[PDB]
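**Q** My complex, part one, positions kept as in the full thing:
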Amino acid sequence: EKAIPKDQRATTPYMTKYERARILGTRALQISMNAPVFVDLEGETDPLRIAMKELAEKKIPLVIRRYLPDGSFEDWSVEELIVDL
Amino acid sequence: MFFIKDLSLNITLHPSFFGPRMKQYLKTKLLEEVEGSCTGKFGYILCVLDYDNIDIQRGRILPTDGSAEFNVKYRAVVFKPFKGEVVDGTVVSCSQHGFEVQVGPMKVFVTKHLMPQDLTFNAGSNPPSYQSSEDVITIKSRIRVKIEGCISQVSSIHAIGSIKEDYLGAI
Amino acid sequence: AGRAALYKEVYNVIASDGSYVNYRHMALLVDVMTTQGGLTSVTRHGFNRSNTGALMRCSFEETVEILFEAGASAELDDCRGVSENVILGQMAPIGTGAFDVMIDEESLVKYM
Amino acid sequence: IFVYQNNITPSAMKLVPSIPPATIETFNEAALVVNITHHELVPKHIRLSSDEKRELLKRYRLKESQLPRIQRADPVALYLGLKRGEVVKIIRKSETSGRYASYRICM
Amino acid sequence: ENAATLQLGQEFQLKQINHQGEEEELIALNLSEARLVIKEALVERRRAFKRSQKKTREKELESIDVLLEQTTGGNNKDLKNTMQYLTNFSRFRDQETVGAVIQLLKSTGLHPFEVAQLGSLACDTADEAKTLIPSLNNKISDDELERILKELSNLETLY
Amino acid sequence: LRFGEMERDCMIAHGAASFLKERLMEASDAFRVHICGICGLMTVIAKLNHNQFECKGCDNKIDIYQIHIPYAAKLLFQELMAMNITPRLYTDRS
């Protein structure tokens, strides 16, 4: 019951800097552990650069759970989030 | 005792196994855990149904580790004996203290002091058996006995029963 | 009115030497000092006397007395505070740690 | 509403709760000589109905104790006669924003 | 302590929770229904494996054994023993019979465990049934108990 | 070096929760402790070689969860236990 539907979300759709940093770190950690890469690499080996490129191309399949103080959580996909930075 | 209920299982997966087939792989790890499981809390897990309808919740990523923790909720049928119930089984072995009866995935033992007076052990037949004034018991026999006590093991369940009320024994 | 006077005094003392501090910080300070019914002084007898997490107040000057009080009252801590997570060595609900990151199994297939 | 000149003996104070259904408030002549609300520092206080309180809690998703607390003997509460579990909205003028709306619930 | 006097444990409550949080009534099943659901689960597993890889007491036992070996075979030897125990002394072989039995038991509205025992255990006299489950003594009328017992006996399959 | 309280709050302001967790749990003393799901006490007998888990305080067999915490945390918990204060570590919210 606490979970809110996909619509009727009061959180800001625009990506937060903390969320961007967390997603980049998680993607870099996964890539460093021999995880699949969804974007072709043009002579690039740094995990952080690959994560940034994937975020730019919105190829990151991670999720963000916006947690309200009460406890309810709202799910947001990386693709729909807008990267202002 | 043949009860269908929802069970939640937490499964850890390495981030390396992240391809499309991971789901199937995850399912395999589910098949290697629920089958053969025997816990005193939830009893013995019998089977898991609706394999194609299994729903997996979004995986949980550790704060620092790259492993993904998925909480999968599935409907499964489990078995758990209770004191005072009567169940039927097949004799598996014979001994001086009594004969063990395999029933389902569990074993049942009957105390000698709680046996009919007419019933008596006999070693004159190969293998040793029991003779009664109006019943015959051997290794290959269906015996219905009442369970009076239950013992829980790490990966096994044992039952202690007796045959004193009427209509019990060979049927 | 007391909160407004406290904010004005804080602004005056900060600007006495010419230093400039944004209004938001002073507003937050006065709000936290006035969030309760009265004015909660920033001391061991003020906010440290509230009903926050036991470990959070333990990290303040009063260390063992608060533990004894919690034991007597059997206080329950939800571990939502920074101090609780720091002591437990877990990612506190702060910024990056406030939320959690999951995996979409439906987008993964199409992204592959 | 009852207003005294010098002071109120404790006997009247303990007798006041003798009438639950009827609420009686005691005020000092000196205290009411000058209206507090006319002061610039005090913002505008508006009483909220039970339905308004429920709607506010539902929208913001707050409990009774999460809202800011205000003393029972607060001069503003006495002026408005706020009761226990009553939420009052405070509208204030600030330099950073044109106005700000907060809420306070009596403890 | 768990016994036959309806003093279930902290988890075996009369109500159960659902994946969506809804509360439902506990539902039990008999041996025939258990076998049917197990067979359906095995068929579903076989279909899943096939799609993933793409891109009279003498013959039924062999088919069940080979099906178990093909999928979820070899992980544990207890599954085969349980399957043999269920199959060797089963009562109903047709889905219609078990469906009718469960539909009839639904009308009774008794505790799921009691109806499961009645549909699984065999009784012939009122006194035997009463002593079998002393707790369920002043719950079911003698006439109703006799009627349900004779109906269950008649519904028994002839193997 | 010592990670001072001032640095701790500065990093908290920075919002680098992961950095603080790594610093206070990986770059510093690291311990793994077992707690029951009913009594929530670190006094759990866990033979990893035999994979046998059992707590004398509570009659439970398999209700044990492992948690990674600094050695200082368990030291403080034991000291509190000496003072008849029992921090009941639970993995779920009541």
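**A** Structure received. Residues are numbered from 1 along each chain as shown, chains lettered A, B, ... in the order given.
**Q** what's downstream of the longest helix along chain E, the next helix or strand?
**A** Assignment by DSSP state H gives helix E:31-54 as the longest helix of chain E. Next helix or strand after helix E:31-54 toward the C-terminus (DSSP states H and E): helix E:60-70.
**Q** just to revisit the earlier point, elements contacting the longest helix of chain E?
**A** The contact analysis (3 or more C-beta pairs under 8 Å, 6 or more residues apart in numbering or on different chains; DSSP states H and E) places helix E:31-54 against strand B:43-48, strand B:68-79, helix E:60-70, helix E:78-88, helix E:95-108. Bear in mind the C-beta positions are built from the backbone N, C-alpha and C, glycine included.
**Q** Turn the ones you listed into a markdown table, including distance to chain A and mean neighbour count.
**A** Below are these laid out as a markdown table (distance: least, C-beta to the nearest C-beta, whole Å; neighbours: other C-beta atoms under 10 Å in any protein chain shown):
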| stretch | distance to chain A | mean neighbour count |
| --- | --- | --- |
| strand B:43-48 | 25 | 22 |
| strand B:68-79 | 9 | 18 |
| helix E:60-70 | 31 | 13 |
| helix E:78-88 | 35 | 17 |
| helix E:95-108 | 30 | 15 |
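**Q** attach chain G to the model above:
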Amino acid sequence: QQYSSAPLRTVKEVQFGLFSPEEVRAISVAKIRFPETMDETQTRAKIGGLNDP
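**A** Chain G goes in next, on the same frame as the chains above:
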């Protein structure tokens, strides 16, 4: 440090209730009755005492 089969999950709440003497006895595997911290010859720890194995 060593492989463990117990599930891994961070703590979410910490109750601070009192420690009952009965719980102390139940959890206290050993007993202390020898003030000496070591046995004779200072080779083995006192049995059922301080610094017991």
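**Q** circling back to that earlier point, ok, and for the longest helix of chain E, which residues are buried?
**A** E:31-38, E:41-42, E:44-45, E:48-49 (16 or more other C-beta atoms under 10 Å in any protein chain shown).
**Q** Quick check, central residue of chain B?
**A** Nearest residue to the geometric centre of chain B (C-alpha atoms, centre = their mean): residue B:105, 3.7 Å.
**Q** which residues sit in contact with it?
**A** B:38, B:44, B:46, B:79, B:157, E:78, E:81-82 (C-beta atoms under 8 Å, 6 or more residues apart in numbering or on different chains).
**Q** returning to what we had before: export the buried residues of helix E:31-54 to CSV and append columns for distance to residue D:28.
**A** Formatted as CSV, the buried residues of helix E:31-54 follow (distance: C-beta to C-beta, whole Å):
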residue, distance to residue D:28
E:31, 84
E:32, 85
E:33, 80
E:34, 81
E:35, 86
E:36, 83
E:37, 79
E:38, 83
E:41, 80
E:42, 85
E:44, 81
E:45, 83
E:48, 82
E:49, 86
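**Q** Just give me the neighbour total for residue C:92.
**A** Residue C:92: 22 surrounding residues under other C-beta atoms under 10 Å in any protein chain shown.
**Q** attach chain H to the model above:
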Amino acid sequence: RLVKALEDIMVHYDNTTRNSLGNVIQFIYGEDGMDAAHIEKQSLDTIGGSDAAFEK
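**A** Below, chain H sits with the chains from the block before:
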């Protein structure tokens, strides 16, 4: 002392500054909800100017 008092206060996704207990210190972060760094000193023309200047 200030750090200890203000340690638990954080702004959530609802733009309300709340402590560990969840009490709302401010329904809006600084009565504006904007980021402190982005704030800058700017002049308001409406406040200044005479009636004739405002008209023209």
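**Q** now with chain H: the neighbour count of residue C:92?
**A** 24.
**Q** could you say which helix or strand contains the nearest residue to it once chain neighbours are set aside?
**A** In this structure, residue C:92 finds its nearest non-sequential neighbour in residue C:85, 3.5 Å apart by C-beta to C-beta, 6 or more residues apart in numbering or on different chains. Per DSSP H and E: residue C:85 is located in helix C:82-88.
**Q** who touches that helix?
**A** Contacts for helix C:82-88 (C-beta under 8 Å, 6+ apart): C:53, C:55-56, C:58-59, C:77, C:79, C:91-94, C:97, F:8, F:12, F:20, F:24, F:69, F:73, F:76, G:10-11, G:14, H:7-8, H:20.
**Q** And the strands in the chain?
**A** Reading this off chain A. For chain A, the strands defined by DSSP state E cover A:62-67, A:73-77.
**Q** um, chain G though
**A** With DSSP E as the criterion, chain G has strands spanning G:13-15.
**Q** Helix or strand: which one has the residue nearest in space to the middle of chain D?
**A** In chain D, the centroid-proximal residue (C-alpha atoms, centre = their mean) is residue D:77; its distance is 2.2 Å. Per DSSP H and E: residue D:77 is located in helix D:75-80.
**Q** I'm done for today, thanks for sticking with me.
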